[PDB]
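A.B. asks: Input structure: structure30.pdb, which contains PDB, C-alpha atoms.
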```pdb
ATOM      1  CA  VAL A 817      -6.911  -2.044  -7.232  1.00  0.00           C
ATOM      2  CA  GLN A 818      -8.079  -3.521 -10.529  1.00  0.00           C
ATOM      3  CA  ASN A 819      -7.381  -0.215 -12.224  1.00  0.00           C
ATOM      4  CA  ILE A 820      -4.100   1.107 -10.856  1.00  0.00           C
ATOM      5  CA  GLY A 821      -2.890  -2.441 -10.467  1.00  0.00           C
ATOM      6  CA  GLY A 822      -0.163  -2.850 -13.015  1.00  0.00           C
ATOM      7  CA  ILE A 823       2.385  -0.397 -11.686  1.00  0.00           C
ATOM      8  CA  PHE A 824       2.490  -2.416  -8.476  1.00  0.00           C
ATOM      9  CA  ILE A 825       3.691  -5.281 -10.668  1.00  0.00           C
ATOM     10  CA  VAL A 826       6.233  -2.760 -11.948  1.00  0.00           C
ATOM     11  CA  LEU A 827       6.834  -1.753  -8.320  1.00  0.00           C
ATOM     12  CA  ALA A 828       7.357  -5.386  -7.334  1.00  0.00           C
ATOM     13  CA  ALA A 829       9.337  -6.641 -10.341  1.00  0.00           C
ATOM     14  CA  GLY A 830      11.336  -3.418 -10.542  1.00  0.00           C
ATOM     15  CA  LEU A 831      12.994  -3.885  -7.174  1.00  0.00           C
ATOM     16  CA  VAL A 832      13.433  -7.603  -7.818  1.00  0.00           C
ATOM     17  CA  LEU A 833      15.728  -6.642 -10.708  1.00  0.00           C
ATOM     18  CA  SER A 834      17.762  -4.318  -8.488  1.00  0.00           C
ATOM     19  CA  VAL A 835      18.607  -7.219  -6.169  1.00  0.00           C
ATOM     20  CA  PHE A 836      20.383  -8.982  -9.028  1.00  0.00           C
ATOM     21  CA  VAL A 837      22.432  -5.974 -10.088  1.00  0.00           C
ATOM     22  CA  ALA A 838      23.416  -5.313  -6.455  1.00  0.00           C
ATOM     23  CA  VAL A 839      25.024  -8.753  -6.431  1.00  0.00           C
ATOM     24  CA  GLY A 840      26.352  -7.957  -9.910  1.00  0.00           C
ATOM     25  CA  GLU A 841      28.083  -4.884  -8.526  1.00  0.00           C
ATOM     26  CA  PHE A 842      29.329  -6.768  -5.457  1.00  0.00           C
ATOM     27  CA  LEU A 843      31.028  -9.674  -7.230  1.00  0.00           C
ATOM     28  CA  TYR A 844      32.499  -7.285  -9.798  1.00  0.00           C
ATOM     29  CA  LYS A 845      34.068  -5.237  -7.009  1.00  0.00           C
ATOM     30  CA  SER A 846      35.357  -8.391  -5.300  1.00  0.00           C
ATOM     31  CA  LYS A 847      37.002  -9.102  -8.649  1.00  0.00           C
ATOM     32  CA  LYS A 848      38.565  -5.642  -8.306  1.00  0.00           C
ATOM     33  CA  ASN A 849      39.595  -6.932  -4.885  1.00  0.00           C
ATOM     34  CA  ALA A 850      40.742 -10.190  -6.543  1.00  0.00           C
ATOM     35  CA  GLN A 851      43.349  -8.128  -8.395  1.00  0.00           C
ATOM     36  CA  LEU A 852      44.748  -7.325  -4.925  1.00  0.00           C
ATOM     37  CA  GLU A 853      43.422 -10.343  -2.982  1.00  0.00           C
ATOM     38  CA  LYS A 854      42.548 -14.030  -3.387  1.00  0.00           C
ATOM     39  CA  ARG A 855      40.869 -15.821  -6.288  1.00  0.00           C
ATOM     40  CA  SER A 856      37.166 -16.160  -5.444  1.00  0.00           C
ATOM     41  CA  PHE A 857      37.322 -17.635  -1.968  1.00  0.00           C
ATOM     42  CA  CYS A 858      38.360 -15.026   0.617  1.00  0.00           C
ATOM     43  CA  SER A 859      38.036 -11.902  -1.548  1.00  0.00           C
ATOM     44  CA  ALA A 860      34.245 -12.100  -1.241  1.00  0.00           C
ATOM     45  CA  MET A 861      34.263 -13.058   2.462  1.00  0.00           C
ATOM     46  CA  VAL A 862      36.454 -10.183   3.698  1.00  0.00           C
ATOM     47  CA  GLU A 863      34.193  -7.574   2.101  1.00  0.00           C
ATOM     48  CA  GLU A 864      31.054  -8.497   4.058  1.00  0.00           C
TER      49      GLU A 864
ATOM     50  CA  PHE B 529     -67.629  28.628 -16.685  1.00  0.00           C
ATOM     51  CA  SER B 530     -67.590  32.187 -15.494  1.00  0.00           C
ATOM     52  CA  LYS B 531     -64.680  34.420 -16.349  1.00  0.00           C
ATOM     53  CA  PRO B 532     -61.873  33.328 -14.022  1.00  0.00           C
ATOM     54  CA  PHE B 533     -61.025  35.298 -10.916  1.00  0.00           C
ATOM     55  CA  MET B 534     -57.346  34.411 -10.859  1.00  0.00           C
ATOM     56  CA  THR B 535     -55.012  32.368 -13.037  1.00  0.00           C
ATOM     57  CA  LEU B 536     -52.311  29.727 -12.650  1.00  0.00           C
ATOM     58  CA  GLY B 537     -49.946  27.605 -14.668  1.00  0.00           C
ATOM     59  CA  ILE B 538     -48.948  23.949 -14.525  1.00  0.00           C
ATOM     60  CA  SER B 539     -45.648  23.765 -12.656  1.00  0.00           C
ATOM     61  CA  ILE B 540     -43.902  20.808 -11.049  1.00  0.00           C
ATOM     62  CA  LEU B 541     -42.851  20.450  -7.431  1.00  0.00           C
ATOM     63  CA  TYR B 542     -39.713  19.145  -5.731  1.00  0.00           C
ATOM     64  CA  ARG B 543     -37.669  19.668  -2.556  1.00  0.00           C
ATOM     65  CA  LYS B 544     -35.038  22.323  -2.141  1.00  0.00           C
ATOM     66  CA  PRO B 545     -32.560  19.437  -2.364  1.00  0.00           C
ATOM     67  CA  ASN B 546     -30.147  19.634   0.600  1.00  0.00           C
ATOM     68  CA  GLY B 547     -27.400  21.391   2.410  1.00  0.00           C
ATOM     69  CA  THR B 548     -24.689  19.809   0.289  1.00  0.00           C
ATOM     70  CA  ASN B 549     -22.148  18.540   2.923  1.00  0.00           C
ATOM     71  CA  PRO B 550     -19.275  17.363   0.679  1.00  0.00           C
ATOM     72  CA  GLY B 551     -16.472  15.256   2.111  1.00  0.00           C
ATOM     73  CA  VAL B 552     -14.156  16.808   4.689  1.00  0.00           C
ATOM     74  CA  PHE B 553     -11.913  13.961   3.551  1.00  0.00           C
ATOM     75  CA  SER B 554     -12.899  14.054  -0.140  1.00  0.00           C
ATOM     76  CA  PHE B 555      -9.335  14.910  -1.046  1.00  0.00           C
ATOM     77  CA  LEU B 556      -8.749  11.268  -0.117  1.00  0.00           C
ATOM     78  CA  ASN B 557     -11.735  10.267  -2.333  1.00  0.00           C
ATOM     79  CA  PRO B 558     -10.397   9.808  -5.942  1.00  0.00           C
ATOM     80  CA  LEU B 559      -8.533   6.548  -5.225  1.00  0.00           C
ATOM     81  CA  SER B 560      -9.267   3.347  -3.385  1.00  0.00           C
ATOM     82  CA  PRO B 561      -8.424   3.663   0.342  1.00  0.00           C
ATOM     83  CA  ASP B 562      -6.544   0.386   0.038  1.00  0.00           C
ATOM     84  CA  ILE B 563      -4.309   1.930  -2.652  1.00  0.00           C
ATOM     85  CA  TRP B 564      -3.515   4.693  -0.169  1.00  0.00           C
ATOM     86  CA  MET B 565      -2.982   1.970   2.415  1.00  0.00           C
ATOM     87  CA  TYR B 566      -0.831   0.072  -0.085  1.00  0.00           C
ATOM     88  CA  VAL B 567       1.333   3.034  -1.076  1.00  0.00           C
ATOM     89  CA  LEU B 568       2.000   3.905   2.577  1.00  0.00           C
ATOM     90  CA  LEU B 569       2.970   0.265   2.909  1.00  0.00           C
ATOM     91  CA  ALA B 570       5.000   0.781  -0.271  1.00  0.00           C
ATOM     92  CA  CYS B 571       6.376   3.984   1.263  1.00  0.00           C
ATOM     93  CA  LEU B 572       8.243   2.138   4.008  1.00  0.00           C
ATOM     94  CA  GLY B 573       8.421  -0.972   1.818  1.00  0.00           C
ATOM     95  CA  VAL B 574      10.658   0.466  -0.888  1.00  0.00           C
ATOM     96  CA  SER B 575      12.468   2.425   1.839  1.00  0.00           C
ATOM     97  CA  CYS B 576      13.406  -0.618   3.918  1.00  0.00           C
TER      98      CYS B 576
END
```
For this file, write the structure as structure tokens.

C.D. replies:
Amino acid sequence: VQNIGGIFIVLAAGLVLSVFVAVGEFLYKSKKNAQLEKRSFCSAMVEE
Amino acid sequence: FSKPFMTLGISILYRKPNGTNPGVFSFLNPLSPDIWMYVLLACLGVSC
């Protein structure tokens, strides 16, 4: 556990980063919705 | 002394060591069992 060790940090912090880009995709697509729908208020609500 | 009636030589002496019995689960062996238990946790963990 001492010796493998560090890739589990990479395993942990890797999928932490993917949470932030999944929101980064989601807001960007609600902005694609905001071309067709409201400003920032109900364009994000209707998607979920 | 008389002339000797039979000879010898200085040897050493030790047990015929064992029947070897290697691990029937020694494929599991080269890691920590916890790391196996962590990756199977990480198996479903990354999946979920």

A.B. asks: Could you state which residues are captured by the ChimeraX specification (/A :<10) & /B in this file, as a ChimeraX atom specification?

C.D. replies: /B:559-563,566-567,570,574

A.B. asks: Got a sec to resolve the PyMOL selection byres ((chain A and resi 842-846) around 8) on this structure and send the residues as a list in words?

C.D. replies: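 What the PyMOL selection byres ((chain A and resi 842-846) around 8) grabs from the file is residues 838, 839, 840, 841, 847, 848, 849, 850, 856, 859, 860 and 863 of chain A.
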
A.B. asks: Which centre and which edge lengths, in Å to one decimal, describe the axis-aligned box that holds all listed atoms of range 826-840 of chain A after 6 Å is added on each side, as lines of an AutoDock Vina configuration file?

C.D. replies:
```
center_x = 16.3
center_y = -5.4
center_z = -9.1
size_x = 32.1
size_y = 19.2
size_z = 17.8
```
